[PDB]
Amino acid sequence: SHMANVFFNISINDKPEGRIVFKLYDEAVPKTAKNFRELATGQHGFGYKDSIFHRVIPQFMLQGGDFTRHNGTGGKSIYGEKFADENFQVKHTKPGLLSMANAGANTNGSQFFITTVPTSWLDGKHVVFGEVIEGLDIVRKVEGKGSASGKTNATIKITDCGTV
């Protein structure tokens, strides 16, 4: 499963909505894809399973990946507390891209976002590393439950995850 697609099973407000499947850009940013993939498999004994999406901004993005503090304050990578920006080869040109959340240059951890629009203002600032290939309806349904402020009253949970 070295370059296998990744799935999340998603529940919203405790009800199962189905699965999101991602194709990761191993051919552009392998180190960044590896991180996401192995956090999804949980093979190191920690990772995305049971984490939630803590920020959802309609017409912008869904953000998640904080499996340590579960509120946007945490996350860690398979490489340690953080890792470098691999490259900015792929730009934010279409909805449904995976891109690393960060706190400045070279501060990638485990938090990620799924865009719901092109976000070219993030180009050269956030590392794009994959795309949703199944479950865009779930992405849109989650998106519809956020707010301009980014806060949401929906519990959007990754109930299981790994490779397919």
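Start at 1 with the first residue shown and count on from there.
The mean C-alpha temperature factor is higher for 146-154 when 19-27 and 146-154 are set side by side. Look at the C-alpha B-factors of 60-68 and of 119-127. On average they run higher in 119-127. When the modelled residues of the chain are ordered by their C-alpha B factor, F112 lands in the lowest third. Among the modelled residues of its chain, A103 has a C-alpha B-factor that falls in the highest third according to the deposited record. Among all modelled residues in this chain, the alpha-carbon of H44 has a temperature factor (C-alpha) in the highest third. In this PDB entry, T163 carries a Cα temperature factor that places it within the middle third of its chain's modelled residues. The entry lists a Cα temperature factor for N13 that places it in the highest third of the chain's modelled residues.
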